[PDB]
Amino acid sequence: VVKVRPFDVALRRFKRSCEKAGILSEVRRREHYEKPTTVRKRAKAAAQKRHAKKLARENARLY
Amino acid sequence: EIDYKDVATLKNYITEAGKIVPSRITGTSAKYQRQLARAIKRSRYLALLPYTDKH
Amino acid sequence: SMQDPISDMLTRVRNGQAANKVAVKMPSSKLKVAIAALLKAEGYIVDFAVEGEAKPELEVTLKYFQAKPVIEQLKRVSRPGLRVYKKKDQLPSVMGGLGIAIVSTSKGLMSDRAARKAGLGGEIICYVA
Amino acid sequence: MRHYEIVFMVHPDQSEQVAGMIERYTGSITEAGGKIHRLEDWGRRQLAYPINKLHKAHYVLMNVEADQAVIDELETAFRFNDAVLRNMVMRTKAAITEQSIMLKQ
Amino acid sequence: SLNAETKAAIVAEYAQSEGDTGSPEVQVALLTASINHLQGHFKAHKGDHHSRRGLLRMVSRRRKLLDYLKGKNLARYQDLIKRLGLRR
RNA sequence: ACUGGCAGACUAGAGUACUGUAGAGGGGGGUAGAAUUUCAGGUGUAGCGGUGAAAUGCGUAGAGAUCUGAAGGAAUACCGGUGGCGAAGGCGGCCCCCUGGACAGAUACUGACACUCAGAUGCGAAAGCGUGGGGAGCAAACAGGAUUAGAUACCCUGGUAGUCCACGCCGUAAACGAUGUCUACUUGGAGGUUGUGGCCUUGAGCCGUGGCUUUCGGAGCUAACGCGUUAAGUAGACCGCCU
């Protein structure tokens, strides 16, 4: 929700007011049924990648 | 010490859409976050908070 | 459950020596202390000590020589699940006689050498090498 | 006995009857060995969403001690009273005799 | 389930000494009381399979304690059985 | 001496009492909000829907869109988490009722009451089966439309059993950590979570002490990959199993 208080701002403010309610995110989640197993598999690989990043990104000479 | 009646506090932990805010954002302790979420959800049932911005 | 205190003693010693621990403590018992006495006599430990009256603890001081642990092998033989008794003529030699086998004879707990000299057999506790 | 916190929200039109309700409801409790610790008529308030197309309702908070038989009685009463729109009964650990955020305001 | 007053009634009744909580007699009597109380629950809640696993641990433990005591003092064992109504 | 027996003794194992704590543990009942579908009415007017494109389909008998209401069923966005709980399977809105386990602190108690378990018994995802209900959405089968050489498929439009409830049955899954249970011992680093004590809470904190859990690694182990105090290390008890 954005009360137009110029329009160009208001539509950008709108576009960021709906990012933040994860609206488009949510529609794309609920377009097709994610089977619960697949949901978890994604979530593990997410966590696993996130860690395996940070770990080696603390191990982060080059030249 | 979270009450389903303390709307004012609870409102610091809901978004404009009405959504419960992550504990990552707010910085709440897991234990507190759990108790918020419970209170917020009791508030919502007493129409002291809204479930959704739409309604 | 812990159903073999002796094996636990040996494990504690073996793991202590492996971790280069100076000494190892364990709940004491007669047979543990008897074993510790023989191991001292044979030069495999430095010393032992039994502290406590209520719940007595045993402290084997471990022995190193050239910064290797003196005990190479500490194999339990007569387990609870399979006891091992040998007659005097059938006593195990360990590391070609250079290790001991702790026999329990009816005249106490001794090395296989001393048991053979005594013409006693008994229960084989362990091999120390 | 167990301590409860009961909030029941009365239909705005029937706001007059509320004080009557408080009396009769606590009547049942007080009667059956039941303490009433706190009683805080919050008055009419704007519902955060429409309930039965209504936009306001008369909130009443009541902390009691009672055996469950007494509260089984109440929940059924609240059910059949067509003025009581919602009611949340919550078991609490300990009696509360303070004043609530709501009334402090 | 057994609260504190009901426990204490039992713990006082079957105590083999002063502030005995731990005799077979006390333990078995409490378990018997728990088991008997819980029989109402599972009449009303046959599907409660998870709670029943906890009921059956009490049943098991009772036996073990009863087998202990019979092994110790058969006369004590015979008393306890009779006082509780167990056909062990 | 050691194992056993017998008669005692002991409190470290195991258990009990007390008080707390966290928790999608289980069972029962109720209820809330969002959304979908159908339906009724209002507005409105030629599309809608679908796809790679399209067609089937729907729509002038008024669809789709939009507003309002109704009725149903199912599932509970956010919170939400390499968070939590449970023997495992598994468990997610909120409220109540019934109920299991774990954990911590403190004191007292019992006195080896233990561990493992052939056979046995019980629990056991989803599908399936029986009976009776229920049936929004989804969808084996099936129908039609496409694609293709063909298309008994993938894609699209539909769609039944099933999915949901009650009470049974079935007994199986990559039921997985592809890792039996129990016990003890053996360098560390960084986290999460749930207790507890102390300090000056001198200021959200810091330091101890428990439970559970995640990750990285040392020795060691391993064919290697890797495992690494939650072992796949060092040992013990017992079971299952391989050839």
# chains A, B, ... in the order shown; residues from 1 in each chain; ligands from 1

call {"tool": "residues_around", "arguments": {"residues": "range 107-112 of chain F", "least_positions_apart": "2", "cutoff": "8 Å", "atoms": "only C-alpha atoms (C1' of nucleotides)", "output": "PyMOL selection string"}}
result
(chain E and resi 19-24) or (chain F and resi 11+13-17+114)

call {"tool": "write_last_selection", "arguments": {"atoms": "N, CA and C atoms (P, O5', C5', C4', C3', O3' and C1' of nucleotides)", "output": "PDB file, in the first residue's frame"}}
result
ATOM      1  N   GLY E  19      11.299 -41.554  55.865  1.00  0.00           N
ATOM      2  CA  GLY E  19      11.548 -40.842  54.620  1.00  0.00           C
ATOM      3  C   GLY E  19      12.165 -41.751  53.561  1.00  0.00           C
ATOM      4  N   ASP E  20      11.716 -43.006  53.548  1.00  0.00           N
ATOM      5  CA  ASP E  20      12.012 -43.923  52.476  1.00  0.00           C
ATOM      6  C   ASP E  20      11.160 -43.519  51.286  1.00  0.00           C
ATOM      7  N   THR E  21      11.822 -43.140  50.197  1.00  0.00           N
ATOM      8  CA  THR E  21      11.161 -42.939  48.923  1.00  0.00           C
ATOM      9  C   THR E  21      11.488 -44.101  47.996  1.00  0.00           C
ATOM     10  N   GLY E  22      12.577 -44.819  48.309  1.00  0.00           N
ATOM     11  CA  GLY E  22      13.344 -45.551  47.320  1.00  0.00           C
ATOM     12  C   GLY E  22      13.239 -47.067  47.467  1.00  0.00           C
ATOM     13  N   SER E  23      12.571 -47.569  48.514  1.00  0.00           N
ATOM     14  CA  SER E  23      12.363 -49.000  48.632  1.00  0.00           C
ATOM     15  C   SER E  23      11.583 -49.495  47.429  1.00  0.00           C
ATOM     16  N   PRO E  24      11.777 -50.763  47.011  1.00  0.00           N
ATOM     17  CA  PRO E  24      10.879 -51.393  46.060  1.00  0.00           C
ATOM     18  C   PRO E  24       9.454 -51.045  46.421  1.00  0.00           C
TER      19      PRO E  24
ATOM     20  P     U F  11      26.809 -46.509  51.677  1.00  0.00           P
ATOM     21  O5'   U F  11      27.109 -46.129  50.173  1.00  0.00           O
ATOM     22  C5'   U F  11      28.321 -45.446  49.878  1.00  0.00           C
ATOM     23  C4'   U F  11      28.424 -45.363  48.391  1.00  0.00           C
ATOM     24  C3'   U F  11      27.441 -44.396  47.715  1.00  0.00           C
ATOM     25  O3'   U F  11      28.089 -43.760  46.633  1.00  0.00           O
ATOM     26  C1'   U F  11      27.148 -46.518  46.838  1.00  0.00           C
ATOM     27  P     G F  13      26.701 -43.005  39.210  1.00  0.00           P
ATOM     28  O5'   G F  13      26.274 -44.384  38.538  1.00  0.00           O
ATOM     29  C5'   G F  13      27.031 -44.845  37.410  1.00  0.00           C
ATOM     30  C4'   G F  13      26.511 -46.183  36.985  1.00  0.00           C
ATOM     31  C3'   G F  13      25.019 -46.267  36.716  1.00  0.00           C
ATOM     32  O3'   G F  13      24.673 -45.803  35.434  1.00  0.00           O
ATOM     33  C1'   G F  13      25.676 -48.084  38.036  1.00  0.00           C
ATOM     34  P     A F  14      23.402 -44.851  35.230  1.00  0.00           P
ATOM     35  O5'   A F  14      22.212 -45.777  35.730  1.00  0.00           O
ATOM     36  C5'   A F  14      21.810 -46.890  34.922  1.00  0.00           C
ATOM     37  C4'   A F  14      20.727 -47.647  35.643  1.00  0.00           C
ATOM     38  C3'   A F  14      19.537 -46.834  36.143  1.00  0.00           C
ATOM     39  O3'   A F  14      18.562 -46.592  35.154  1.00  0.00           O
ATOM     40  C1'   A F  14      20.292 -48.170  37.878  1.00  0.00           C
ATOM     41  P     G F  15      17.815 -45.178  35.132  1.00  0.00           P
ATOM     42  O5'   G F  15      17.009 -45.177  36.501  1.00  0.00           O
ATOM     43  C5'   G F  15      15.800 -45.875  36.488  1.00  0.00           C
ATOM     44  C4'   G F  15      15.349 -46.201  37.883  1.00  0.00           C
ATOM     45  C3'   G F  15      14.638 -45.114  38.677  1.00  0.00           C
ATOM     46  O3'   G F  15      13.328 -44.817  38.210  1.00  0.00           O
ATOM     47  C1'   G F  15      16.076 -46.282  40.064  1.00  0.00           C
ATOM     48  P     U F  16      12.746 -43.327  38.344  1.00  0.00           P
ATOM     49  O5'   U F  16      12.453 -43.184  39.910  1.00  0.00           O
ATOM     50  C5'   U F  16      11.484 -44.087  40.475  1.00  0.00           C
ATOM     51  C4'   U F  16      11.306 -43.837  41.945  1.00  0.00           C
ATOM     52  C3'   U F  16      10.989 -42.409  42.359  1.00  0.00           C
ATOM     53  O3'   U F  16       9.617 -42.143  42.156  1.00  0.00           O
ATOM     54  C1'   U F  16      12.644 -43.238  43.751  1.00  0.00           C
ATOM     55  P     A F  17       9.123 -40.673  41.771  1.00  0.00           P
ATOM     56  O5'   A F  17       9.296 -39.969  43.184  1.00  0.00           O
ATOM     57  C5'   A F  17       8.441 -40.360  44.273  1.00  0.00           C
ATOM     58  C4'   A F  17       8.820 -39.531  45.462  1.00  0.00           C
ATOM     59  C3'   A F  17       8.788 -38.021  45.251  1.00  0.00           C
ATOM     60  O3'   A F  17       7.475 -37.499  45.391  1.00  0.00           O
ATOM     61  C1'   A F  17      10.827 -38.620  46.247  1.00  0.00           C
ATOM     62  P     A F 114      16.998 -53.724  36.683  1.00  0.00           P
ATOM     63  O5'   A F 114      18.505 -53.394  36.289  1.00  0.00           O
ATOM     64  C5'   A F 114      19.014 -52.101  36.578  1.00  0.00           C
ATOM     65  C4'   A F 114      20.381 -51.983  35.972  1.00  0.00           C
ATOM     66  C3'   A F 114      20.485 -52.312  34.492  1.00  0.00           C
ATOM     67  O3'   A F 114      20.219 -51.165  33.710  1.00  0.00           O
ATOM     68  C1'   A F 114      22.138 -53.503  35.675  1.00  0.00           C
TER      69        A F 114
END

call {"tool": "select_by_dssp", "arguments": {"residues": "chain D", "states": "helix (DSSP H, G or I)", "output": "PyMOL selection string"}}
result
chain D and resi 12-31+68-80+101-104

call {"tool": "atom_distance", "arguments": {"atom1": "CA of residue 16 in chain E", "atom2": "CA of residue 82 in chain E"}}
result
15.8 Å

call {"tool": "select_by_dssp", "arguments": {"residues": "chain C", "states": "strand (DSSP E or B)", "output": "VMD selection string"}}
result
chain C and resid 23 to 27 45 to 47 50 to 51 57 to 62 64 to 65 68 to 69 74 to 76 85 to 86 94 99 to 105 108 to 111 122 to 128

call {"tool": "write_last_selection", "arguments": {"atoms": "C-alpha atoms", "output": "CSV table (one decimal), in the first residue's frame"}}
result
chain,number,residue,atom,x,y,z
C,23,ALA,CA,49.2,-40.2,34.7
C,24,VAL,CA,45.8,-41.8,34.4
C,25,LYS,CA,43.2,-42.0,37.1
C,26,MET,CA,40.4,-44.6,37.4
C,27,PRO,CA,38.1,-46.0,40.1
C,45,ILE,CA,54.5,-48.1,34.7
C,46,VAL,CA,56.4,-45.6,36.8
C,47,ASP,CA,54.3,-45.9,39.9
C,50,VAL,CA,45.3,-45.3,45.6
C,51,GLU,CA,43.7,-42.2,47.1
C,57,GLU,CA,40.7,-43.8,43.0
C,58,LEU,CA,43.8,-45.4,41.5
C,59,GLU,CA,46.5,-43.2,39.7
C,60,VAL,CA,48.9,-45.0,37.4
C,61,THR,CA,51.8,-42.8,36.5
C,62,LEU,CA,52.7,-43.7,33.0
C,64,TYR,CA,57.9,-43.1,28.6
C,65,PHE,CA,61.4,-43.9,27.3
C,68,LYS,CA,57.9,-43.3,23.1
C,69,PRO,CA,55.4,-44.9,25.6
C,74,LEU,CA,48.2,-54.0,26.3
C,75,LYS,CA,45.8,-56.7,25.1
C,76,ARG,CA,43.2,-58.1,27.4
C,85,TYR,CA,42.8,-70.4,31.6
C,86,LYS,CA,46.1,-72.0,30.7
C,94,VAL,CA,54.5,-62.5,24.7
C,99,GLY,CA,56.7,-59.1,27.0
C,100,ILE,CA,54.8,-60.4,30.0
C,101,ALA,CA,51.5,-62.2,30.2
C,102,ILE,CA,49.8,-61.4,33.5
C,103,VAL,CA,48.5,-64.7,34.9
C,104,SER,CA,46.3,-64.9,37.9
C,105,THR,CA,47.5,-68.0,39.8
C,108,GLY,CA,48.4,-64.5,43.4
C,109,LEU,CA,49.0,-62.5,40.2
C,110,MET,CA,52.3,-62.9,38.4
C,111,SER,CA,54.1,-62.8,35.0
C,122,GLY,CA,46.1,-69.8,35.9
C,123,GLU,CA,43.8,-67.2,34.2
C,124,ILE,CA,45.5,-65.1,31.5
C,125,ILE,CA,44.6,-61.5,32.2
C,126,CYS,CA,46.4,-59.6,29.5
C,127,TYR,CA,49.6,-59.4,27.4
C,128,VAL,CA,51.9,-56.4,28.1

call {"tool": "residues_around", "arguments": {"residues": "range 17-24 of chain B", "least_positions_apart": "6", "cutoff": "9 Å", "atoms": "only C-alpha atoms (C1' of nucleotides)", "output": "PDB file with N, CA, C and O atoms (P, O5', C5', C4', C3', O3' and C1' of nucleotides), in the first residue's frame"}}
result
ATOM      1  N   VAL A   1       0.876  -1.219   0.000  1.00  0.00           N
ATOM      2  CA  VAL A   1       0.000   0.000   0.000  1.00  0.00           C
ATOM      3  C   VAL A   1       0.892   1.241   0.000  1.00  0.00           C
ATOM      4  O   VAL A   1       1.793   1.352   0.831  1.00  0.00           O
ATOM      5  N   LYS A  20       8.652  -6.278   0.072  1.00  0.00           N
ATOM      6  CA  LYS A  20       8.919  -6.416   1.492  1.00  0.00           C
ATOM      7  C   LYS A  20       7.815  -7.217   2.192  1.00  0.00           C
ATOM      8  O   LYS A  20       8.028  -7.700   3.306  1.00  0.00           O
ATOM      9  N   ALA A  21       6.652  -7.380   1.536  1.00  0.00           N
ATOM     10  CA  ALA A  21       5.627  -8.314   1.998  1.00  0.00           C
ATOM     11  C   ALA A  21       5.784  -9.679   1.313  1.00  0.00           C
ATOM     12  O   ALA A  21       4.866 -10.501   1.370  1.00  0.00           O
TER      13      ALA A  21
ATOM     14  N   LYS B  11       3.424  -4.363  18.134  1.00  0.00           N
ATOM     15  CA  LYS B  11       3.371  -3.705  16.849  1.00  0.00           C
ATOM     16  C   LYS B  11       4.772  -3.359  16.356  1.00  0.00           C
ATOM     17  O   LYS B  11       4.961  -3.174  15.162  1.00  0.00           O
ATOM     18  N   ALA B  30      15.594 -16.362  20.532  1.00  0.00           N
ATOM     19  CA  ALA B  30      14.740 -17.452  20.108  1.00  0.00           C
ATOM     20  C   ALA B  30      13.592 -17.652  21.084  1.00  0.00           C
ATOM     21  O   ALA B  30      12.460 -17.840  20.648  1.00  0.00           O
ATOM     22  N   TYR B  32      12.261 -15.519  23.224  1.00  0.00           N
ATOM     23  CA  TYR B  32      11.368 -14.379  23.149  1.00  0.00           C
ATOM     24  C   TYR B  32      10.574 -14.450  21.847  1.00  0.00           C
ATOM     25  O   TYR B  32       9.341 -14.445  21.876  1.00  0.00           O
ATOM     26  N   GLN B  33      11.273 -14.598  20.721  1.00  0.00           N
ATOM     27  CA  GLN B  33      10.611 -14.680  19.439  1.00  0.00           C
ATOM     28  C   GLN B  33       9.462 -15.667  19.504  1.00  0.00           C
ATOM     29  O   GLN B  33       8.397 -15.376  18.984  1.00  0.00           O
ATOM     30  N   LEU B  36       6.654 -14.016  21.447  1.00  0.00           N
ATOM     31  CA  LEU B  36       6.026 -12.988  20.629  1.00  0.00           C
ATOM     32  C   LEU B  36       5.008 -13.648  19.722  1.00  0.00           C
ATOM     33  O   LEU B  36       3.810 -13.410  19.840  1.00  0.00           O
ATOM     34  N   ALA B  37       5.522 -14.511  18.845  1.00  0.00           N
ATOM     35  CA  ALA B  37       4.740 -15.153  17.819  1.00  0.00           C
ATOM     36  C   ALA B  37       3.461 -15.704  18.404  1.00  0.00           C
ATOM     37  O   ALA B  37       2.418 -15.604  17.777  1.00  0.00           O
ATOM     38  N   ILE B  40       1.363 -12.401  19.430  1.00  0.00           N
ATOM     39  CA  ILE B  40       0.848 -11.817  18.206  1.00  0.00           C
ATOM     40  C   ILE B  40      -0.351 -12.636  17.712  1.00  0.00           C
ATOM     41  O   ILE B  40      -1.384 -12.081  17.361  1.00  0.00           O
ATOM     42  N   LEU B  49      -4.561  -6.921  17.054  1.00  0.00           N
ATOM     43  CA  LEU B  49      -3.788  -6.748  15.843  1.00  0.00           C
ATOM     44  C   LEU B  49      -4.616  -7.268  14.682  1.00  0.00           C
ATOM     45  O   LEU B  49      -5.551  -8.028  14.901  1.00  0.00           O
ATOM     46  N   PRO B  50      -4.316  -6.876  13.425  1.00  0.00           N
ATOM     47  CA  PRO B  50      -4.866  -7.542  12.240  1.00  0.00           C
ATOM     48  C   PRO B  50      -4.001  -8.696  11.750  1.00  0.00           C
ATOM     49  O   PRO B  50      -2.780  -8.670  11.928  1.00  0.00           O
ATOM     50  N   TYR B  51      -4.637  -9.701  11.136  1.00  0.00           N
ATOM     51  CA  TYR B  51      -3.911 -10.776  10.474  1.00  0.00           C
ATOM     52  C   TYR B  51      -3.202 -10.237   9.241  1.00  0.00           C
ATOM     53  O   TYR B  51      -2.005 -10.459   9.055  1.00  0.00           O
ATOM     54  N   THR B  52      -3.964  -9.524   8.417  1.00  0.00           N
ATOM     55  CA  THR B  52      -3.510  -9.059   7.123  1.00  0.00           C
ATOM     56  C   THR B  52      -3.830  -7.574   7.015  1.00  0.00           C
ATOM     57  O   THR B  52      -4.776  -7.098   7.639  1.00  0.00           O
ATOM     58  N   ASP B  53      -3.034  -6.852   6.214  1.00  0.00           N
ATOM     59  CA  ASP B  53      -3.294  -5.445   5.915  1.00  0.00           C
ATOM     60  C   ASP B  53      -4.593  -5.283   5.120  1.00  0.00           C
ATOM     61  O   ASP B  53      -5.194  -4.211   5.143  1.00  0.00           O
ATOM     62  N   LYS B  54      -5.016  -6.355   4.426  1.00  0.00           N
ATOM     63  CA  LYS B  54      -6.156  -6.316   3.526  1.00  0.00           C
ATOM     64  C   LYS B  54      -7.453  -6.311   4.341  1.00  0.00           C
ATOM     65  O   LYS B  54      -7.989  -5.235   4.612  1.00  0.00           O
TER      66      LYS B  54
ATOM     67  P     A F  77       1.586 -21.696   8.438  1.00  0.00           P
ATOM     68  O5'   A F  77       1.751 -20.516   7.371  1.00  0.00           O
ATOM     69  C5'   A F  77       1.874 -20.870   5.987  1.00  0.00           C
ATOM     70  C4'   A F  77       2.224 -19.665   5.156  1.00  0.00           C
ATOM     71  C3'   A F  77       3.321 -18.760   5.685  1.00  0.00           C
ATOM     72  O3'   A F  77       4.572 -19.163   5.178  1.00  0.00           O
ATOM     73  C1'   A F  77       1.429 -17.463   5.120  1.00  0.00           C
ATOM     74  P     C F  78       5.828 -19.206   6.162  1.00  0.00           P
ATOM     75  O5'   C F  78       5.760 -17.750   6.817  1.00  0.00           O
ATOM     76  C5'   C F  78       6.246 -16.620   6.062  1.00  0.00           C
ATOM     77  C4'   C F  78       6.033 -15.366   6.863  1.00  0.00           C
ATOM     78  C3'   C F  78       6.689 -15.333   8.239  1.00  0.00           C
ATOM     79  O3'   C F  78       7.991 -14.801   8.141  1.00  0.00           O
ATOM     80  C1'   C F  78       4.443 -14.565   8.360  1.00  0.00           C
ATOM     81  P     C F  79       9.267 -15.727   8.393  1.00  0.00           P
ATOM     82  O5'   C F  79       9.141 -15.936   9.960  1.00  0.00           O
ATOM     83  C5'   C F  79       9.240 -14.811  10.822  1.00  0.00           C
ATOM     84  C4'   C F  79       8.682 -15.190  12.174  1.00  0.00           C
ATOM     85  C3'   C F  79       9.290 -16.428  12.829  1.00  0.00           C
ATOM     86  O3'   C F  79      10.418 -16.048  13.594  1.00  0.00           O
ATOM     87  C1'   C F  79       6.928 -16.535  12.942  1.00  0.00           C
ATOM     88  P     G F  80      11.842 -16.765  13.434  1.00  0.00           P
ATOM     89  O5'   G F  80      11.620 -17.879  12.323  1.00  0.00           O
ATOM     90  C5'   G F  80      12.786 -18.418  11.690  1.00  0.00           C
ATOM     91  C4'   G F  80      12.368 -19.550  10.804  1.00  0.00           C
ATOM     92  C3'   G F  80      11.581 -19.146   9.562  1.00  0.00           C
ATOM     93  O3'   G F  80      11.979 -19.960   8.476  1.00  0.00           O
ATOM     94  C1'   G F  80      10.318 -20.620  10.861  1.00  0.00           C
TER      95        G F  80
END

call {"tool": "interface_residues", "arguments": {"of": "chain F", "to": "chain B", "cutoff": "12 Å", "atoms": "only C-alpha atoms (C1' of nucleotides)", "output": "PDB file with C-alpha atoms (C1' of nucleotides), in the first residue's frame"}}
result
ATOM      1  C1'   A F  22      11.819 -25.733  27.449  1.00  0.00           C
ATOM      2  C1'   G F  23       9.305 -28.204  23.663  1.00  0.00           C
ATOM      3  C1'   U F  31     -12.250 -22.017  17.254  1.00  0.00           C
ATOM      4  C1'   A F  32      -9.772 -18.038  13.881  1.00  0.00           C
ATOM      5  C1'   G F  33      -7.994 -15.805   9.577  1.00  0.00           C
ATOM      6  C1'   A F  34      -6.186 -15.970   4.378  1.00  0.00           C
ATOM      7  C1'   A F  77       1.429 -17.463   5.120  1.00  0.00           C
ATOM      8  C1'   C F  78       4.443 -14.565   8.360  1.00  0.00           C
ATOM      9  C1'   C F  79       6.928 -16.535  12.942  1.00  0.00           C
ATOM     10  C1'   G F  80      10.318 -20.620  10.861  1.00  0.00           C
ATOM     11  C1'   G F  81      15.598 -21.590  12.162  1.00  0.00           C
ATOM     12  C1'   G F  83      15.336 -24.171  15.814  1.00  0.00           C
ATOM     13  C1'   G F  84      12.441 -27.819  18.846  1.00  0.00           C
ATOM     14  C1'   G F  93      -2.524 -21.374  13.429  1.00  0.00           C
ATOM     15  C1'   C F  94      -4.897 -20.315  18.233  1.00  0.00           C
ATOM     16  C1'   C F  95      -7.511 -22.086  22.770  1.00  0.00           C
ATOM     17  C1'   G F 192      22.870 -23.164  17.794  1.00  0.00           C
ATOM     18  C1'   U F 193      19.450 -24.442  21.589  1.00  0.00           C
ATOM     19  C1'   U F 194      17.554 -25.459  26.681  1.00  0.00           C
TER      20        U F 194
END
